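> Quick one: the structure is below, and I'll ask about it shortly.
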Amino acid sequence: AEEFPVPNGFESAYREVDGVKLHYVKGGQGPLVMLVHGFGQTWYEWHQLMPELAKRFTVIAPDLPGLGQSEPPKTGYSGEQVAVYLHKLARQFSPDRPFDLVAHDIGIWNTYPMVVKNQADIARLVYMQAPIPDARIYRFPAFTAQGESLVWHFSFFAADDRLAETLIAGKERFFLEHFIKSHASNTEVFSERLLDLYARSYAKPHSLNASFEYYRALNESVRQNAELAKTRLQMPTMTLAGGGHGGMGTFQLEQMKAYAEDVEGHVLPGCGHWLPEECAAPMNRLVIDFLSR
Amino acid sequence: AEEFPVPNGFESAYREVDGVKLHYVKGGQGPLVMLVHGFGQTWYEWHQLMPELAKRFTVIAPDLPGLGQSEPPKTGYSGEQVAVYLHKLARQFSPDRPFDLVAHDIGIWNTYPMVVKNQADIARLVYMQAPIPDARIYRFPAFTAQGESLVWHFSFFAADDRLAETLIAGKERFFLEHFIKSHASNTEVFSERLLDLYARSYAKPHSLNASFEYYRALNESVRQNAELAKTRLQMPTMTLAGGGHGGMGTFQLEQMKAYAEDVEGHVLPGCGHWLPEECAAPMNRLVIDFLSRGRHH
Ligand SMILES: *[C@@H](CO)CCCCCC
Ligand SMILES: *[C@@H](CO)CCCCCC
């Protein structure tokens, strides 16, 4: 059945995009807002924001190709390839108006190329909790004086020999719980049930592989973005980042300043990586107000 | 029982040191040289160098505490704690004379404190393929544009919840082949037969755990070395590094210059992390020649 419970007033549905069957959850009325999840998660990370946003917007939350209930991409996992699927999906529902885009973690990687190449289609942009793939990612440290670093998983997941799938298979729940909590400030929000739901979804063999193929394409995404970034983003943009353990801190806004002419940023003290869940109410408020103004 | 074949004329034996039974392989005659292995391996990485050194030296190659056939340490896994075991082991065989030291990878971590605290006991020193634990390790990148990050495994192995043992238990042979080859230039020397030998040893549950406790103690070792490094090393030192995939390149010598007054360095082209096996002929030559500048049999 459904991997995650659908909110009242929303529908779980599918659309073929370039031969790939994409799953999404959709509700509401008005101009379109697309919410794009990241690693370890699915559309469901947005399930608290979606009903509030649906009071003023049509809201669509897709599963990334190969994750949740979406088929793997038939082209590839680089940012430019994946962004085609998400752009065409959004245009099926908002052909005559620009739409809003909210993205978390690798949802940024998988949307930035279509934002920069189709700027007239993007009304307002919200990015949270991950670098746009560029040379700045090569400066993050492998190890810190307090223990494990924030992004050593870039190398673990990008390694060949199916290193990550092979070590994590049979231990998917254990690994995801450790990964979520090592990047969280507020772990209490991750109940047994919620961890069970996310672990069952990404443990599907094609989804476990899909998860890491996004990282195996990361250097290709960096190289793609080096050319794309010659064009700055002109639409109103907001960045959000956690200020606590697991948070990107000032990096999110400071990077975005190099990409966007019109950008405002917020750092949320006491919040880590998983902003829609760790800090749902303030994150929801900031997104709703930014998109409603 | 012997996890690895002893070279002809060498003996495999044990010595209790501060309540810990240490395994070693010993042969030859003359002044003492101690060879100290690194992560993923045992004394056996030295087995091709040992017979040539034993023509001029007494050679001892111990298994690090918890690894190979050595018991885990009873104090802890920080560099200063482990170095006590290795210093006392060496001085049992060379109580009245300084000895030479060769160390690879975390063998460096586990010997640097006893070298700096007992400088008169160390005649000549050879370090290869790992940083001495200090603030420089916090500058290595998590992810690279070309090749692969050299030390992302520091975070993996140091992570809480026994993350590394829990994921690697039952897959030790798979993991070690990937780890070794990903850090090599000349991967072809790591035959399935050789990988089988190394994997069987570190798959002992206490050895798998011991392996990662060295990394869980790495930040403590950094803090220890911040104090110890206020005195530079005075004895003749040589560094070796690979210049190929997995090699430390110029970092090995450049860091050692901050630690040693008398240092010469070499980068071996076409060689990665596993110098004794990837590049046995030039590495053995450099080590034998450097140690033979001092008095020998
Ligand atoms: C998603 C991208 O890999 C997780 C990001 C974690 C890095 C900083 C917390
Ligand atoms: C030993 C140190 O953990 C092997 C790792 C290789 C990285 C740089 C030498």
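Chain lettering (A, B, ...) mirrors the order of the structure tokens, residue numbering begins at 1 for each chain separately, and ligand numbering begins at 1 in order of display.
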Residues up to 6 Å from ligand 1, counting only C-alpha atoms and all ligand atoms: could you list those as a ChimeraX atom specification?
/A:39,105-106,130,150-151,183,246-248,273
> Residues up to 8 Å from ligand 2, counting only C-alpha atoms and all ligand atoms: could you list those as a PyMOL selection string?
chain B and resi 38-40+104-106+129-131+150-151+153-154+183+215+246-248+273
> Distance limit 7 Å, atoms considered: only C-alpha atoms. Which chain B residues sit that close to chain A? Return them as an MDAnalysis selection string.
chainID B and resid 138:145 149 151:152 154:156 158:159 167:168 219
> With a distance cut-off of 9 Å and only C-alpha atoms, select the neighbouring residues of residue 94 of chain A, excluding the residue or stretch itself and same-chain residues fewer than 6 positions from it, and output the selection as a ChimeraX atom specification.
/A:31-32,121
> Which polymer residues have any atom within 8 Å of an atom of segment 20-31 of chain B, counting only C-alpha atoms, with same-chain residues fewer than 6 positions away left out, as a short mmCIF file (atom, residue, chain, number, x, y, z; two decimals) with N, CA and C atoms, in the first residue's frame?

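To be explicit, this is the file written out as part.cif:
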data_model
loop_
_atom_site.label_atom_id
_atom_site.label_comp_id
_atom_site.auth_asym_id
_atom_site.auth_seq_id
_atom_site.Cartn_x
_atom_site.Cartn_y
_atom_site.Cartn_z
N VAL B 6 55.70 -17.63 9.22
CA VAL B 6 56.92 -17.03 9.74
C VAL B 6 58.04 -17.23 8.71
N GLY B 9 63.93 -19.11 9.67
CA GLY B 9 64.90 -18.61 10.62
C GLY B 9 64.35 -17.64 11.64
N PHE B 10 63.09 -17.24 11.53
CA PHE B 10 62.47 -16.37 12.51
C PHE B 10 61.65 -17.20 13.49
N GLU B 11 61.41 -16.63 14.67
CA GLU B 11 60.57 -17.26 15.67
C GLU B 11 59.35 -16.40 15.93
N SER B 12 58.21 -17.05 16.15
CA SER B 12 56.99 -16.40 16.61
C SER B 12 56.86 -16.66 18.11
N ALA B 13 56.70 -15.59 18.89
CA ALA B 13 56.71 -15.72 20.34
C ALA B 13 55.84 -14.63 20.96
N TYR B 14 55.75 -14.66 22.29
CA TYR B 14 54.94 -13.72 23.05
C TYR B 14 55.72 -13.21 24.25
N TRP B 43 52.05 -7.81 11.82
CA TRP B 43 53.49 -7.91 11.60
C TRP B 43 53.82 -8.38 10.18
N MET B 50 61.94 -8.20 6.48
CA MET B 50 62.58 -8.75 7.67
C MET B 50 63.82 -9.60 7.38
N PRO B 51 63.82 -10.52 6.41
CA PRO B 51 65.03 -11.34 6.21
C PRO B 51 66.25 -10.55 5.78
N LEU B 53 66.85 -7.29 6.58
CA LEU B 53 67.30 -6.57 7.77
C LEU B 53 68.00 -7.50 8.75
N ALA B 54 67.53 -8.75 8.86
CA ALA B 54 68.09 -9.66 9.85
C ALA B 54 69.52 -10.07 9.52
N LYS B 55 70.03 -9.74 8.33
CA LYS B 55 71.43 -9.98 8.03
C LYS B 55 72.35 -9.02 8.79
N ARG B 56 71.81 -7.90 9.27
CA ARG B 56 72.59 -6.86 9.92
C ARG B 56 72.05 -6.46 11.28
N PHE B 57 70.82 -6.86 11.63
CA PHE B 57 70.16 -6.41 12.83
C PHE B 57 69.41 -7.57 13.47
N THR B 58 69.17 -7.46 14.77
CA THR B 58 68.08 -8.21 15.38
C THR B 58 66.77 -7.50 15.05
N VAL B 59 65.82 -8.23 14.47
CA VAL B 59 64.59 -7.65 13.97
C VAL B 59 63.42 -8.18 14.80
N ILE B 60 62.58 -7.28 15.31
CA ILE B 60 61.35 -7.67 15.99
C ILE B 60 60.17 -6.96 15.34
N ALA B 61 59.12 -7.70 15.06
CA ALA B 61 57.90 -7.15 14.47
C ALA B 61 56.72 -7.55 15.34
N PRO B 62 56.24 -6.66 16.21
CA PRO B 62 55.10 -7.00 17.08
C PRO B 62 53.76 -6.76 16.40
N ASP B 63 52.75 -7.47 16.90
CA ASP B 63 51.36 -7.13 16.58
C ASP B 63 50.89 -6.05 17.56
N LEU B 64 50.29 -4.99 17.03
CA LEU B 64 49.75 -3.94 17.89
C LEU B 64 48.71 -4.51 18.86
N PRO B 65 48.59 -3.94 20.06
CA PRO B 65 47.60 -4.44 21.03
C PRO B 65 46.21 -4.59 20.41
N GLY B 68 46.29 -8.69 15.21
CA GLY B 68 47.06 -9.92 15.05
C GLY B 68 46.80 -10.85 16.21
N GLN B 69 47.89 -11.34 16.82
CA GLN B 69 47.80 -12.27 17.94
C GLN B 69 48.13 -11.60 19.28
N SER B 70 48.08 -10.27 19.35
CA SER B 70 48.32 -9.54 20.60
C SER B 70 47.02 -9.27 21.34
N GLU B 71 47.08 -9.40 22.66
CA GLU B 71 45.93 -9.05 23.49
C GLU B 71 45.64 -7.55 23.42
N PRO B 72 44.39 -7.15 23.62
CA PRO B 72 44.05 -5.72 23.70
C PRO B 72 44.79 -5.05 24.84
N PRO B 73 44.97 -3.73 24.75
CA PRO B 73 45.63 -3.01 25.84
C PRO B 73 44.71 -2.93 27.05
N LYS B 74 45.32 -2.89 28.23
CA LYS B 74 44.54 -2.75 29.45
C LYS B 74 44.36 -1.30 29.87
N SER B 94 66.52 -4.86 24.06
CA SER B 94 67.64 -3.93 23.93
C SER B 94 67.71 -3.05 25.18
N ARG B 97 71.15 -0.49 25.03
CA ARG B 97 71.52 0.18 23.80
C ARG B 97 70.28 0.76 23.14
N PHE B 99 67.71 1.48 20.06
CA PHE B 99 67.22 0.65 18.97
C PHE B 99 66.66 1.53 17.86
N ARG B 295 75.67 1.85 13.16
CA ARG B 295 76.38 0.61 13.45
C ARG B 295 75.45 -0.59 13.29
N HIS B 296 75.96 -1.65 12.66
CA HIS B 296 75.14 -2.83 12.39
C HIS B 296 76.02 -4.07 12.35
N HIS B 297 75.37 -5.22 12.39
CA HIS B 297 76.05 -6.51 12.33
C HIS B 297 76.56 -6.80 10.91
#
> Which residues are close to residue 195 of chain B, i.e. within 8 Å by only C-alpha atoms, leaving aside same-chain residues fewer than 5 positions away? Reply as a ChimeraX atom specification.
/B:173,176-177,190
> Those selected residues, please, written with N, CA, C and O atoms and delivered as a short mmCIF file (atom, residue, chain, number, x, y, z; two decimals), in the first residue's frame.

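Contents of out-v3.cif, as written:
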data_model
loop_
_atom_site.label_atom_id
_atom_site.label_comp_id
_atom_site.auth_asym_id
_atom_site.auth_seq_id
_atom_site.Cartn_x
_atom_site.Cartn_y
_atom_site.Cartn_z
N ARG B 173 35.86 -9.43 5.11
CA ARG B 173 36.68 -9.74 3.94
C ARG B 173 36.34 -8.81 2.78
O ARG B 173 37.24 -8.30 2.10
N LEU B 176 37.69 -5.18 3.77
CA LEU B 176 39.13 -4.98 3.77
C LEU B 176 39.69 -4.95 2.35
O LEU B 176 40.60 -4.17 2.06
N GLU B 177 39.15 -5.78 1.45
CA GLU B 177 39.60 -5.68 0.06
C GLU B 177 39.29 -4.30 -0.52
O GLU B 177 40.13 -3.70 -1.19
N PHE B 190 47.65 -7.31 -4.12
CA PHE B 190 46.70 -7.78 -3.12
C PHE B 190 45.85 -8.90 -3.71
O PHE B 190 44.69 -8.74 -4.09
#
> Could you please write out, as a PyMOL selection string, every residue of segment 39-264 of chain A that DSSP assigns to helix (DSSP H, G or I)?
chain A and resi 43-46+49-53+79-93+106-109+112-117+119-121+135-139+153-158+163-168+172-182+192-203+205-216+218-228+251-257
> Which neighbours of residue 180 of chain A fall inside 8 Å, counting only C-alpha atoms, when residues of the same chain fewer than 4 positions from it are skipped, and could you give them as a PyMOL selection string?
chain A and resi 176+184+274
> Quick one: everything within 9 Å of residue 262 of chain B, counting only C-alpha atoms, minus sequence neighbours fewer than 6 positions away in the same chain. Send it as a tab-separated table (two decimals) with N, CA, C and O atoms, in the first residue's frame.

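Produced file selection.tsv, reproduced below:
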chain	number	residue	atom	x	y	z
B	233	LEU	N	62.27	16.11	17.79
B	233	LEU	CA	63.07	14.89	17.70
B	233	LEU	C	64.47	15.22	17.20
B	233	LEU	O	64.64	15.97	16.23
B	234	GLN	N	65.48	14.63	17.85
B	234	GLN	CA	66.88	14.95	17.56
B	234	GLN	C	67.61	13.88	16.76
B	234	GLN	O	68.69	14.18	16.22
B	235	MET	N	67.08	12.65	16.66
B	235	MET	CA	67.77	11.55	16.01
B	235	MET	C	67.51	11.56	14.51
B	235	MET	O	66.53	12.15	14.03
B	236	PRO	N	68.38	10.92	13.73
B	236	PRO	CA	68.16	10.87	12.28
B	236	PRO	C	66.83	10.20	11.94
B	236	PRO	O	66.52	9.11	12.45
B	237	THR	N	66.05	10.86	11.10
B	237	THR	CA	64.72	10.41	10.73
B	237	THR	C	64.59	10.37	9.21
B	237	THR	O	65.19	11.19	8.50
B	238	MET	N	63.83	9.39	8.71
B	238	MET	CA	63.47	9.30	7.31
B	238	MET	C	61.96	9.11	7.20
B	238	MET	O	61.38	8.32	7.96
> Can you work out which one of A:268, A:67, A:128, A:116 has the shortest atom-to-atom distance to residue 40 of chain A, counting only C-alpha atoms?
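With only C-alpha atoms as the atom set, the closest residue is A:67.
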> To one decimal in Å, tell me the separation between atom CA of residue 163 of chain B and atom CA of residue 67 of chain B.
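Between these atoms lies a distance of 19.1 Å.
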